[PDB]
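Below you'll find the structure, written out as structure tokens, and then a few comments.
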Amino acid sequence: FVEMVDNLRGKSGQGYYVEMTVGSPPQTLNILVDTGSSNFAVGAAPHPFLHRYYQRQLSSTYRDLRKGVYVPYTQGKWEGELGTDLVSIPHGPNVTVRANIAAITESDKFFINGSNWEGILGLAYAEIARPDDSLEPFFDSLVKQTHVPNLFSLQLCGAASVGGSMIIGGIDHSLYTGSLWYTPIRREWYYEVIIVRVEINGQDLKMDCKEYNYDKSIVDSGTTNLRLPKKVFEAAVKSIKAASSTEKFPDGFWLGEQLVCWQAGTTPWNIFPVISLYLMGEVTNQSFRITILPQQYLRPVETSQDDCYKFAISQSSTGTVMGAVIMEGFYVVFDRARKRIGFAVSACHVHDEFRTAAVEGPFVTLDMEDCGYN
Ligand SMILES: CCCN(CCC)C(=O)c1cccc(C(=O)N[C@@H](Cc2ccccc2)[C@H](O)CNCc2cccc(OC)c2)c1
């Protein structure tokens, strides 16, 4: 689908956006791609951080729906006015749909100063769409009204600016190597999945696997880090710290709280451990794993003029989150038509000489559904 190849742009830590058009004639907006939420919301007022915004007065195709919406994310908040209008995606499929659109009229800590997107495309399921599930997420409208197959895939790169591909309706083998392995979407709300084993440098964390998914493990392009649940994080960092005892760092650093720096020619990569998450496979008692490097969890922050990095694993309280730390390692297929998410080694994932991100199977794991949570 070389039409859609390379249709995602971004800057480090400001997410990935796609161009879309809204209303007739078409207003062009840069919309953040987010599998972590389910609302298509766009700036409709001249906030000073925005390059552009939706002007509903300019579109003959606009239809108020005389309802207001609040949408609070973990990080952020916006208030809006619900309507509908016609939505195309220049470098996606060649269609045009009547999608719901929240017109953002008030926001706090939502938009990012210096960024180049003006909206957010929530690609997850109605069950978390605000204000309630009657509000039909864009992708559901897209499928319900076109013949575009019920799936999309994401190749998030990031070599300053990043890039990538959102293939809508399909998959493109030029974007990955090896085979796609698939883990079932456990519930259609977020893209929730189950992690059944966690390894650092090949060494199990001998932990009840129910912790790994407490109370959720989810796939979120709208998030930067790998977010391990509090106790698994406490324990994850414990072995990460211990495998990388070679060198010393402040304890705050691991809690996020301050960069750490090195030489512009060699950093100690071969000195932090690869991380492996085993994920529920498609078959009774079969799992597989995805393995990331530190060229994923140690990401640059652009006093400094040396090849430097931040620690990108952090704690949470609404689950595990496989943000871009994970996603940038892999080509990820959101197979909604089959209640399942596929991972394959990404063609662009940034590695080194020795190691590499991998996707491997099958493995034998008993009692995978007990790793879940109710
Ligand atoms: C995305 C680029 C960098 N950012 C945003 C800057 C703060 C992050 O790395 C980040 C960090 C923490 C949390 C979030 C976040 O809340 N992401 C949501 C999408 C988003 C919002 C604002 C700006 C950019 C991206 C994402 O939807 C969270 N998924 C969980 C969730 C919680 C509550 C309600 C939900 O759906 C209604 C979803 C993003």
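Residue numbers (PDB author numbering): -1 to 157, 168 to 310, 314 to 385.
Just so you know, even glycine gets a beta-carbon here, dropped at the ideal spot from N, CA and C.
Residue burial is scored here from C-beta neighbours: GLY13 has at least 16 other C-beta atoms within 10 angstroms and is therefore classed as buried.
Just so you know, the alpha carbons of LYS9 and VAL332 end up roughly 20 Å apart. Between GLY172 and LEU6, the C-beta gap is smaller than 9 Å, which places the two residues in contact.
DSSP, read as helix, strand or coil, puts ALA251 in helix. Cβ-Cβ distances below 6 Å link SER151 to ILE175, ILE179, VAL344 in the same chain, with the five nearest sequence neighbours on each side left out; the list follows chain order. In the structure shown, the three-state DSSP call for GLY260 is helix.
When the five nearest sequence neighbours on each side are left out, the beta carbons in the same chain lying within less than 7 Å of the beta carbon of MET2 are those of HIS89, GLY90, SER173, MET174, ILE175, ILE176, in order along the chain.
At a Cβ-Cβ threshold of 9 Å, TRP262 and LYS249 count as neighbours.
Short of 6 Å from the beta carbon of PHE47, and not among the five residues preceding or following it, lie these beta carbons of its own chain, in chain order: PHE109, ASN111.
As computed with DSSP, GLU116 is found in no beta bridge at all.
If you compare the alpha carbons of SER247, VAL201, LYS246 with that of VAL227, the shortest gap goes to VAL201. With contacts defined as CB atoms closer than 9 Å, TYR184 and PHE341 qualify as a contacting pair. For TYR68, the uninterrupted beta strand (DSSP E) run begins and ends at 61 to 70, by DSSP. Taking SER284 as the centre and dropping the five residues before and after it, the same chain places the C-beta of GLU207, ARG297, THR299 closer than 6 Å to its C-beta, in chain order. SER327 and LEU213 have their C-alpha atoms spaced approximately 18 Å apart. At a threshold of 8 Å, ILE337 does not count as near ligand 1, since its beta carbon sits no closer than that to any of the ligand's heavy atoms. For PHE38, the three-state secondary structure derived from DSSP is strand. Check the Cα spacing between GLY186 and each of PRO373, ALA369, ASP378, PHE374: the tightest is with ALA369. If you look at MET18, you'll find it in the beta strand (DSSP E) that goes 14 to 20. Under the rule that a run must span 4 or more residues, the alpha helix (DSSP H) segments found entirely inside the stretch 171 to 241 read 217 to 220. Under the three-state reduction of DSSP, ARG128 is assigned to coil, being neither helix nor strand. Annotation: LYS350 to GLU125 spans about 15 Å, alpha carbon to alpha carbon. Excluding its 5 nearest sequence neighbours in each direction, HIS362 has C-beta neighbours in its own chain below 7 Å: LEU301, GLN303, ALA368, listed in chain order. According to the DSSP assignment, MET288 belongs to the beta strand (DSSP E) that extends over 283 to 288.
The straight-line gap separating the alpha-carbon atoms of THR94 and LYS142 is approximately 12 Å. Put simply, of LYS246, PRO135, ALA168 the residue whose alpha carbon is nearest the alpha carbon of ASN114 is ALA168. In this structure, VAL227 has its CB at a distance of at least 8 Å from all heavy atoms of ligand 1.
Rounded to the nearest angstrom, the gap between the Cα atoms of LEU236 and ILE324 is 7 Å. Taken atom to atom, the span from the alpha-carbon of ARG195 to that of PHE374 is near 23 Å. Secondary structure of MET2 (DSSP, three-state): coil.
Around the beta carbon of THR231, 16 or more other beta carbons sit within 10 angstroms, so the residue counts as buried.
Membership of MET379 in any beta strand (DSSP E) is not indicated, and neither H nor E is assigned to it by DSSP. Residue pairing from DSSP places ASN98 in a beta bridge opposite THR82.
The residues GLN153, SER182, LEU183, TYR184, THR185, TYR342, in chain order, have a CB closer than 8 Å to that of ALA358 in the same chain once the five nearest residues on each side in sequence are set aside. Under the three-state reduction of DSSP output, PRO373 falls in the strand class.
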